[PDB]
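Participant: Please see the structure below; I have some questions.
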Ligand SMILES: *[C@@H]1O[C@H](CO)[C@@H](O[C@@H]2O[C@H](CO)[C@@H](O)[C@H](O)[C@H]2NC(C)=O)[C@H](O)[C@H]1NC(C)=O
């Protein structure tokens, strides 16, 4: 629709954005490494996606520059945030990524597509036919890489309310590799303003050997219908850029990062 | 990938080293593969076949010393093996030592 | 309080530098006796 | 000598024929390895790559089928052993140890061949069917199968 | 002795109980020789 622009806000990242550098297990040792890391207490945007103007779609999905990595996270309650499409020019002439969560399959694809002006998804499954969610693209020319496996998210919600997800993700591409780190934990208070102060370690999940040149970042939304236009619930996500740093890491007896400096 | 109680060379993930592979009590995380110590040396490894990890300790090695009264007055000598269990190095180890 | 003695230590060059490498032992052999001075000094230190 | 007896090694280290009373360090001892623990990544999979090679139909020369071998451990020595598979020689890589050496992004093609143009599908010459339908780059990769 | 013992040579020189700072460095050619006079003779 004819929605208006929204000036992005800022929030302090606190002591978050630390991951396991290597697969090697080390315990009770204070190892120091040189790698890209999120600086402690840095500004991070706190984009919040909610029902805009009581029924007006909000296109708060900018083409954020990928640069050297991201610290995508969320305080998501129900399943509304999906898609981490990437693109140099975001057209049919550019190889692009698309990380869907179709049922229980990631369906990782590396093919050229044409992207709608405001692509989106339906959180509720379409009746009868499979789903009209493939509206994001209409043409697929050439295909390089395909990957189908278990869904990248193992978060459950059907249990009960009063607790939401705290999905955290780091997207890093270097020397023809693509690594994804994830970690989930429950939440105590519904405070959407700032990130709670707690240490979290981002374990590697999937590694890809593709060599796509990535420069921009795009996010998709899951809205079914007015349940005017396309509307959904409340959600919030953060973007944290990654820059080189030097850290001193302290391991525990079990080999899990407890704190770092 | 399996043998126990004998320090042997291996090619675990390209690593070529010799040590006494034995049972381990470390609780590796599901993704973790290799083990290290304070001196930054391999200490434990992930089992390829199973999910029970093993410890690597190099087998016994050390230096020898010779105690002699002086070649004058007898040539009898005694041999001291520094810092090793006597049971681990009896007089019958000459087959593999 | 006055210090009196310290720890007696011994270092094996061949194993420390080239741990389990016969080719390394043959190559180190061309240097002569580069380890007798260290061993003698350490033994003297221990005796001292 | 310097290996007959402890007195011999003591004399060898002292570089003298006479030894006084005392304790001397001569050499070290190390337990040698006994066997090999064989080593295996314990991979449990075999590539389903025979579907493209053998199927109901073969792709035409003017329209090759698009299929690639990825995340596979497909053995090529069984192909070398197979009598029908007579071409296993490799111009730029190992003919018989091609499978053992690691590689990535292997692409497959299907094209009908008369039989006498196999020598001409390679770069540098034009075959009866390779003049207009099939081709290879200036320095073709892979091996002829 | 209780005040000084936060770190010492380990008191261990049999090497049998090593399965971790000294014996692990033992695999790197750093050994400790025992004193001639024990602490009960001193
Ligand atoms: C990891 O730290 C725990 C500390 O809790 C160590 O002890 C474990 O404690 C939990 C919770 O009390 C028990 O459920 C486990 O059975 C304990 N493990 C035991 C007794 O072996 C644990 O040993 C540490 N693990 C490592 C590898 O250091």
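Here, residue 1 is simply the first one shown, and the rest follow in order.
Structure method, as recorded: electron microscopy, 3.8 Å.
The backbone N, Cα and C atoms fix where each Cβ goes, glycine too.
Sharing the record's features from Swiss-Prot:
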- B:7-B:59: disulfide bond (DISULFID)
- B:72: N-linked glycosylation site (CARBOHYD)
- B:85: N-linked glycosylation site (CARBOHYD)
Participant: Quick check on the glycosylation sites: of B:72, B:85, whose CB has the lowest count of neighbouring CB atoms inside 10 Å?
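Facilitator: Counting other Cβ atoms within 10 Å of each of the glycosylation sites B:72, B:85, the minimum falls on B:72.
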Participant: In whole Å, how far does the CA atom of residue B:85 (N-linked glycosylation site) lie from that of residue B:72 (N-linked glycosylation site)?
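Facilitator: Taking the Cα atoms only, residue B:85 (N-linked glycosylation site) lies 32 Å from residue B:72 (N-linked glycosylation site).
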Participant: Look up residue B:59 (disulfide bond) in the DSSP assignment and reduce it to helix, strand or coil.
Facilitator: coil
Participant: Check the disulfide-bonded residues B:7, B:59 for other C-beta atoms within 10 angstroms of each C-beta and report the one with the most.
Facilitator: B:7
Participant: Do you know offhand how many angstrom separate residue B:59 (disulfide bond) and residue B:72 (N-linked glycosylation site) by C-alpha?
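Facilitator: One finds 38 Å between the Cα atoms of these residues.
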Participant: To the nearest whole angstrom, what is the C-alpha distance linking residue B:72 (N-linked glycosylation site) and residue B:7 (disulfide bond)?
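Facilitator: That comes out at 42 Å between the alpha carbons.
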Participant: Under 8 Å Cβ-Cβ to anything in chain D: which of these recorded positions pass, B:7, B:59, B:85?
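Facilitator: Out of B:7, B:59, B:85, B:7, B:59 lie under 8 Å of chain D.
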Participant: Give the three-state DSSP assignment (helix, strand or coil) for residue B:7 (disulfide bond).
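Facilitator: For residue B:7 (disulfide bond) - judged by DSSP and reduced to three states - the answer is strand.
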Participant: Could you tell me which of the recorded positions B:7, B:72, B:85 sit with their CB under 8 A from some CB of chain E, listed in sequence order (or 'none')?
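Facilitator: Listed recorded positions meeting the cut-off: B:85.
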